[PDB]
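Asks: Sending over a structure as structure tokens; questions will come in a sec.
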There are 2 protein chains.
Amino acid sequence: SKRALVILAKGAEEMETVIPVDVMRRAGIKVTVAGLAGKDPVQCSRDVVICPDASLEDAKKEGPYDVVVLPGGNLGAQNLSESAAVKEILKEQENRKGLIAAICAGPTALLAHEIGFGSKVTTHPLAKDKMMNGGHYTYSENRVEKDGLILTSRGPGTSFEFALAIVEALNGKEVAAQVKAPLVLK
Amino acid sequence: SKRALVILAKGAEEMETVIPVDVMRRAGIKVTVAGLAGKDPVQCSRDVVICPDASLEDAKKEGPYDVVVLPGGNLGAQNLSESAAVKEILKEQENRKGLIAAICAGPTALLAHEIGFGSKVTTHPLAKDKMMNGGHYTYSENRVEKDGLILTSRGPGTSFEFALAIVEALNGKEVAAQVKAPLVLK
């Protein structure tokens, strides 16, 4: 009954894609993995090939979504940053006061599309300078940062924390705790 | 220059599949994701669809491998446990004194194929009783267990530790440390 849209572009970090999709489905969220380029399989940064559930064009017609999720991976985030379709989805989600979650270089697509300026954010350490160009955000080193409806995180190793923060935001702390225990997190 | 074979069956835990593949490729290992059933895309436990690099039939002809990796997921591990092809690959890897790595319900395929008896092993907590049927192994609660050439781990949340243990076994501690830092692990 909550719904998530995960936007999958060539060059996405596959761990940052699969960990949130899997954890959100464990939480009972209806997740649509949507291909930026169309319905065809997507070659991720480390050459894992993932078949999306739908094209982004089709998935948009089925919104709105409770969260829009942007994986990282530098080339994936670049492709999200260059997409007019992504711009329109994020602007509409911002406008309706829905959650936007981005991990690793993913938040640099928020910069590109002028989303969430004035928010505290984090990114992978190597993406800090790009994200901070112009001083439009306030930078954090927290592993997960949530400033209202903009949720960001740092890297593959923060992907479980990121996904469980999404789950808590949508489904509450009790569901997040229930989902977390079987994962054998430290 | 080291080589890994990852055997991907329907119902595999996608996080336990993708995290080791990605981390091992970061370490410079040549990884073949081989489909148990053939060359076609594989529907994982949480409905992520992954396109393998090759069928297992083809990938075997290209061995030997420095490690054979068995992801978890209960139905994935069941399919690995029922496969005569997997039996032959694991027996040959055992015989040549090559590493076998299995995570979560994955080690129950070792039981099925009578691999590594007498070793200390771990599994997901919910797979302990199945793994221990007959007392053929000695159970551990360590997050990663390595008893010589049998390497096991417990769940999605131990997948990074599992993958970095594989990297250390193949490529050494210095490479594992170099791969680990950009991941933003805690």
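Labels used: A, B, ... for chains in the order of the structure tokens, numbers from 1 for residues in each chain, and numbers from 1 for ligands as shown.
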Identify every residue of chain B that has at least one atom within 8 Å of any atom of chain A, counting only C-alpha atoms, and report the result as a PDB file with N, CA and C atoms, in the first residue's frame.

Replies:
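Wrote it out as selection_6.pdb, contents follow:
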ATOM      1  N   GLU B  14      18.889 -11.672  -3.960  1.00  0.00           N
ATOM      2  CA  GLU B  14      19.559 -10.753  -4.869  1.00  0.00           C
ATOM      3  C   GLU B  14      20.638  -9.930  -4.197  1.00  0.00           C
ATOM      4  N   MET B  15      20.463  -9.537  -2.940  1.00  0.00           N
ATOM      5  CA  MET B  15      21.518  -8.795  -2.257  1.00  0.00           C
ATOM      6  C   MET B  15      22.760  -9.655  -2.067  1.00  0.00           C
ATOM      7  N   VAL B  18      24.391  -9.836  -5.679  1.00  0.00           N
ATOM      8  CA  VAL B  18      24.991  -8.638  -6.241  1.00  0.00           C
ATOM      9  C   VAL B  18      26.127  -8.078  -5.419  1.00  0.00           C
ATOM     10  N   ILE B  19      26.048  -8.119  -4.090  1.00  0.00           N
ATOM     11  CA  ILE B  19      27.116  -7.549  -3.275  1.00  0.00           C
ATOM     12  C   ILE B  19      28.406  -8.306  -3.523  1.00  0.00           C
ATOM     13  N   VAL B  21      29.292 -10.089  -6.211  1.00  0.00           N
ATOM     14  CA  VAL B  21      29.756  -9.869  -7.585  1.00  0.00           C
ATOM     15  C   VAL B  21      30.402  -8.507  -7.719  1.00  0.00           C
ATOM     16  N   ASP B  22      29.759  -7.486  -7.182  1.00  0.00           N
ATOM     17  CA  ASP B  22      30.260  -6.118  -7.313  1.00  0.00           C
ATOM     18  C   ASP B  22      31.578  -5.944  -6.569  1.00  0.00           C
ATOM     19  N   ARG B  25      34.402  -7.730  -8.349  1.00  0.00           N
ATOM     20  CA  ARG B  25      34.862  -6.986  -9.567  1.00  0.00           C
ATOM     21  C   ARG B  25      35.652  -5.772  -9.158  1.00  0.00           C
ATOM     22  N   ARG B  26      35.311  -5.081  -8.072  1.00  0.00           N
ATOM     23  CA  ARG B  26      36.103  -3.971  -7.552  1.00  0.00           C
ATOM     24  C   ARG B  26      37.517  -4.409  -7.223  1.00  0.00           C
ATOM     25  N   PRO B  41      17.118 -14.677 -18.088  1.00  0.00           N
ATOM     26  CA  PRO B  41      17.117 -13.875 -16.854  1.00  0.00           C
ATOM     27  C   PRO B  41      16.543 -14.671 -15.675  1.00  0.00           C
ATOM     28  N   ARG B  46      13.208 -11.485  -4.113  1.00  0.00           N
ATOM     29  CA  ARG B  46      12.426 -10.224  -3.953  1.00  0.00           C
ATOM     30  C   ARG B  46      12.167  -9.650  -5.329  1.00  0.00           C
ATOM     31  N   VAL B  48      13.756  -8.972  -8.020  1.00  0.00           N
ATOM     32  CA  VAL B  48      14.754  -8.385  -8.885  1.00  0.00           C
ATOM     33  C   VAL B  48      15.121  -9.431  -9.963  1.00  0.00           C
ATOM     34  N   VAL B  49      15.195  -9.012 -11.218  1.00  0.00           N
ATOM     35  CA  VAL B  49      15.521  -9.887 -12.318  1.00  0.00           C
ATOM     36  C   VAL B  49      16.915  -9.550 -12.820  1.00  0.00           C
ATOM     37  N   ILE B  50      17.801 -10.557 -12.768  1.00  0.00           N
ATOM     38  CA  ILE B  50      19.195 -10.416 -13.098  1.00  0.00           C
ATOM     39  C   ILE B  50      19.493 -11.253 -14.330  1.00  0.00           C
ATOM     40  N   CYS B  51      20.174 -10.705 -15.327  1.00  0.00           N
ATOM     41  CA  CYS B  51      20.570 -11.429 -16.522  1.00  0.00           C
ATOM     42  C   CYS B  51      21.970 -12.042 -16.359  1.00  0.00           C
ATOM     43  N   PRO B  52      22.084 -13.361 -16.324  1.00  0.00           N
ATOM     44  CA  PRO B  52      23.413 -13.895 -16.104  1.00  0.00           C
ATOM     45  C   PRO B  52      24.346 -13.666 -17.268  1.00  0.00           C
ATOM     46  N   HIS B 124      22.444 -18.531   7.901  1.00  0.00           N
ATOM     47  CA  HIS B 124      21.406 -17.699   8.549  1.00  0.00           C
ATOM     48  C   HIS B 124      20.899 -18.489   9.732  1.00  0.00           C
ATOM     49  N   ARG B 154      26.327 -15.404   7.059  1.00  0.00           N
ATOM     50  CA  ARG B 154      24.961 -15.550   7.638  1.00  0.00           C
ATOM     51  C   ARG B 154      23.834 -14.887   6.906  1.00  0.00           C
ATOM     52  N   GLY B 155      23.934 -13.815   6.185  1.00  0.00           N
ATOM     53  CA  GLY B 155      22.718 -13.142   5.688  1.00  0.00           C
ATOM     54  C   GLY B 155      22.995 -11.931   4.910  1.00  0.00           C
ATOM     55  N   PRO B 156      21.965 -11.214   4.418  1.00  0.00           N
ATOM     56  CA  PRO B 156      22.205 -10.012   3.605  1.00  0.00           C
ATOM     57  C   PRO B 156      23.123  -9.045   4.295  1.00  0.00           C
ATOM     58  N   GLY B 157      22.923  -8.871   5.615  1.00  0.00           N
ATOM     59  CA  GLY B 157      23.706  -7.958   6.400  1.00  0.00           C
ATOM     60  C   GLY B 157      25.126  -8.369   6.670  1.00  0.00           C
ATOM     61  N   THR B 158      25.519  -9.566   6.293  1.00  0.00           N
ATOM     62  CA  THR B 158      26.912  -9.983   6.374  1.00  0.00           C
ATOM     63  C   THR B 158      27.505 -10.071   4.979  1.00  0.00           C
ATOM     64  N   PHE B 160      28.694  -7.871   2.744  1.00  0.00           N
ATOM     65  CA  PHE B 160      29.944  -7.153   2.517  1.00  0.00           C
ATOM     66  C   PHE B 160      31.119  -7.852   3.213  1.00  0.00           C
ATOM     67  N   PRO B 182      36.435   2.836  -0.179  1.00  0.00           N
ATOM     68  CA  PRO B 182      35.439   3.619  -0.931  1.00  0.00           C
ATOM     69  C   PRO B 182      34.014   3.136  -0.695  1.00  0.00           C
ATOM     70  N   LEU B 183      33.798   2.034  -0.047  1.00  0.00           N
ATOM     71  CA  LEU B 183      32.441   1.538   0.143  1.00  0.00           C
ATOM     72  C   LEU B 183      31.687   2.268   1.241  1.00  0.00           C
ATOM     73  N   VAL B 184      32.365   2.996   2.106  1.00  0.00           N
ATOM     74  CA  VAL B 184      31.721   3.699   3.247  1.00  0.00           C
ATOM     75  C   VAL B 184      31.018   2.731   4.181  1.00  0.00           C
ATOM     76  N   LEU B 185      31.695   1.633   4.498  1.00  0.00           N
ATOM     77  CA  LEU B 185      31.291   0.709   5.529  1.00  0.00           C
ATOM     78  C   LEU B 185      31.562   1.256   6.903  1.00  0.00           C
ATOM     79  N   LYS B 186      30.857   0.810   7.921  1.00  0.00           N
ATOM     80  CA  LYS B 186      30.983   1.365   9.256  1.00  0.00           C
ATOM     81  C   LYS B 186      32.132   0.665   9.976  1.00  0.00           C
TER      82      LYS B 186
END

Asks: Identify all residues of segment 131-176 of chain A in strand (DSSP E or B) (DSSP on the backbone) and supply them as a ChimeraX atom specification.

Replies: /A:138-139,144-147,150-153

Asks: Output N, CA and C atoms of each residue in that selection to a file, as a short mmCIF file (atom, residue, chain, number, x, y, z; two decimals), in the first residue's frame.

Replies:
data_model
loop_
_atom_site.label_atom_id
_atom_site.label_comp_id
_atom_site.auth_asym_id
_atom_site.auth_seq_id
_atom_site.Cartn_x
_atom_site.Cartn_y
_atom_site.Cartn_z
N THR A 138 23.54 22.33 2.50
CA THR A 138 24.41 22.29 3.66
C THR A 138 24.91 20.86 3.84
N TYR A 139 26.22 20.68 3.88
CA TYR A 139 26.75 19.32 3.79
C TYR A 139 26.84 18.68 5.16
N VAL A 144 23.32 8.58 7.02
CA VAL A 144 22.02 8.89 6.42
C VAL A 144 21.66 10.29 6.94
N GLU A 145 21.17 11.14 6.04
CA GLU A 145 20.73 12.50 6.40
C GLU A 145 19.30 12.61 5.94
N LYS A 146 18.41 13.09 6.81
CA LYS A 146 17.06 13.31 6.39
C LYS A 146 16.71 14.72 6.82
N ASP A 147 16.39 15.59 5.88
CA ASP A 147 15.97 16.96 6.19
C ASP A 147 14.62 16.98 5.55
N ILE A 150 13.72 15.31 1.94
CA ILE A 150 14.94 14.98 1.21
C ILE A 150 15.79 14.10 2.10
N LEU A 151 15.96 12.86 1.60
CA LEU A 151 16.68 11.82 2.36
C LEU A 151 17.91 11.42 1.53
N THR A 152 19.13 11.49 2.10
CA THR A 152 20.34 11.19 1.33
C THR A 152 21.22 10.27 2.17
N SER A 153 22.13 9.62 1.46
CA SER A 153 23.08 8.71 2.11
C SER A 153 24.35 8.63 1.27
#

Asks: So which residues touch residue 77 of chain A within 10 Å, counting only C-alpha atoms, skipping near sequence neighbours fewer than 2 positions away, as a PyMOL selection string?

Replies: chain A and resi 8-13+70-75+79-82+102-110+112

Asks: Take the residues that were just selected and, keeping N, CA, C and O atoms, output them as a compact mmCIF listing (two decimals), in the first residue's frame.

Replies:
# COMPACT_ATOMS: atom_id res chain seq x y z
N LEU A 8 16.24 3.56 -12.63
CA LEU A 8 17.42 2.79 -12.97
C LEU A 8 18.00 3.19 -14.30
O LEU A 8 17.36 2.95 -15.35
N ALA A 9 19.18 3.78 -14.29
CA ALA A 9 19.91 4.20 -15.46
C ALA A 9 21.22 3.42 -15.65
O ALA A 9 21.81 2.92 -14.71
N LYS A 10 21.66 3.31 -16.90
CA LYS A 10 22.92 2.64 -17.17
C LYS A 10 24.00 3.32 -16.35
O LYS A 10 24.01 4.56 -16.24
N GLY A 11 24.84 2.49 -15.77
CA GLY A 11 25.89 2.97 -14.90
C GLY A 11 25.51 3.15 -13.47
O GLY A 11 26.36 3.57 -12.66
N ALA A 12 24.31 2.80 -13.08
CA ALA A 12 23.92 2.83 -11.69
C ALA A 12 24.75 1.86 -10.85
O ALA A 12 25.12 0.80 -11.37
N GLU A 13 24.95 2.18 -9.61
CA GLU A 13 25.62 1.26 -8.68
C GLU A 13 24.57 0.20 -8.34
O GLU A 13 23.53 0.45 -7.71
N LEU A 70 16.65 7.52 -6.06
CA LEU A 70 17.72 7.69 -7.03
C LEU A 70 18.98 6.96 -6.50
O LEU A 70 19.62 7.42 -5.56
N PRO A 71 19.31 5.83 -7.12
CA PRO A 71 20.59 5.16 -6.81
C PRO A 71 21.76 6.04 -7.24
O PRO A 71 21.60 6.98 -8.00
N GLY A 72 22.95 5.68 -6.77
CA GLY A 72 24.17 6.31 -7.15
C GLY A 72 24.86 5.60 -8.27
O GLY A 72 24.23 4.97 -9.13
N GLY A 73 26.18 5.66 -8.27
CA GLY A 73 27.00 5.30 -9.41
C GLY A 73 27.26 6.57 -10.20
O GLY A 73 26.29 7.23 -10.56
N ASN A 74 28.49 6.98 -10.45
CA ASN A 74 28.69 8.25 -11.11
C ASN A 74 28.04 8.34 -12.47
O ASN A 74 27.41 9.39 -12.80
N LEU A 75 28.14 7.31 -13.32
CA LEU A 75 27.56 7.51 -14.64
C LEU A 75 26.05 7.39 -14.52
O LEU A 75 25.36 8.10 -15.25
N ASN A 79 23.44 10.26 -15.91
CA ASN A 79 22.30 10.03 -16.77
C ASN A 79 21.02 10.54 -16.11
O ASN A 79 20.19 11.12 -16.82
N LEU A 80 20.81 10.35 -14.82
CA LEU A 80 19.63 10.90 -14.14
C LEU A 80 19.67 12.42 -14.23
O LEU A 80 18.59 13.02 -14.41
N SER A 81 20.82 13.06 -14.12
CA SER A 81 21.02 14.51 -14.10
C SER A 81 20.71 15.13 -15.43
O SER A 81 20.36 16.31 -15.48
N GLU A 82 20.87 14.38 -16.49
CA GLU A 82 20.68 14.89 -17.84
C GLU A 82 19.27 14.66 -18.33
O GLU A 82 18.91 15.16 -19.40
N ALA A 102 17.94 9.77 -2.22
CA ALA A 102 19.05 9.62 -3.15
C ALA A 102 20.30 9.22 -2.41
O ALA A 102 20.63 9.75 -1.36
N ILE A 103 21.04 8.26 -2.97
CA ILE A 103 22.26 7.75 -2.33
C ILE A 103 23.52 7.98 -3.16
O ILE A 103 23.48 7.87 -4.37
N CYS A 104 24.65 8.32 -2.55
CA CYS A 104 26.05 8.16 -3.11
C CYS A 104 26.46 9.23 -4.16
O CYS A 104 26.60 10.25 -3.63
N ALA A 105 26.51 9.16 -5.52
CA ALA A 105 26.46 10.34 -6.38
C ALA A 105 25.00 10.71 -6.71
O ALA A 105 24.76 11.77 -7.33
N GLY A 106 24.03 9.88 -6.36
CA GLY A 106 22.63 10.17 -6.66
C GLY A 106 22.18 11.55 -6.30
O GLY A 106 21.44 12.17 -7.07
N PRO A 107 22.56 12.10 -5.15
CA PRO A 107 22.05 13.46 -4.80
C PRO A 107 22.50 14.52 -5.75
O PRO A 107 21.87 15.58 -5.81
N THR A 108 23.56 14.31 -6.56
CA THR A 108 23.95 15.32 -7.53
C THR A 108 22.90 15.51 -8.59
O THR A 108 22.87 16.57 -9.26
N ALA A 109 22.01 14.53 -8.79
CA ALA A 109 20.87 14.75 -9.70
C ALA A 109 19.87 15.76 -9.09
O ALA A 109 19.17 16.46 -9.84
N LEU A 110 19.79 15.79 -7.79
CA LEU A 110 18.96 16.82 -7.14
C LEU A 110 19.53 18.16 -7.47
O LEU A 110 18.77 19.09 -7.78
N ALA A 112 21.27 19.06 -10.12
CA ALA A 112 21.06 19.28 -11.53
C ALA A 112 19.66 19.79 -11.80
O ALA A 112 19.46 20.63 -12.70

Asks: Go through segment 26-150 of chain B and collect every residue that DSSP, computed from the backbone, puts in alpha helix (DSSP H); the answer should be as a ChimeraX atom specification.

Replies: /B:26,56-61,74-82,84-95,107-112,128-131

Asks: Mind giving me the straight-line distance from atom CA of residue 86 of chain A to atom CA of residue 111 of chain A in Å, one decimal?

Replies: 12.2 Å

Asks: With a distance cut-off of 12 Å and only C-alpha atoms, select the neighbouring residues of residue 65 of chain B, excluding the residue or stretch itself and same-chain residues fewer than 4 positions from it, and output the selection as a ChimeraX atom specification.

Replies: /B:1-6,29-32,59-61,69,89-90,92-94,96-101,170

Asks: For atom CA of residue 39 of chain B and atom CA of residue 7 of chain A, quote the distance in Å rounded to one decimal.

Replies: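 Atom CA of residue 7 of chain A lies 25.7 Å from atom CA of residue 39 of chain B.
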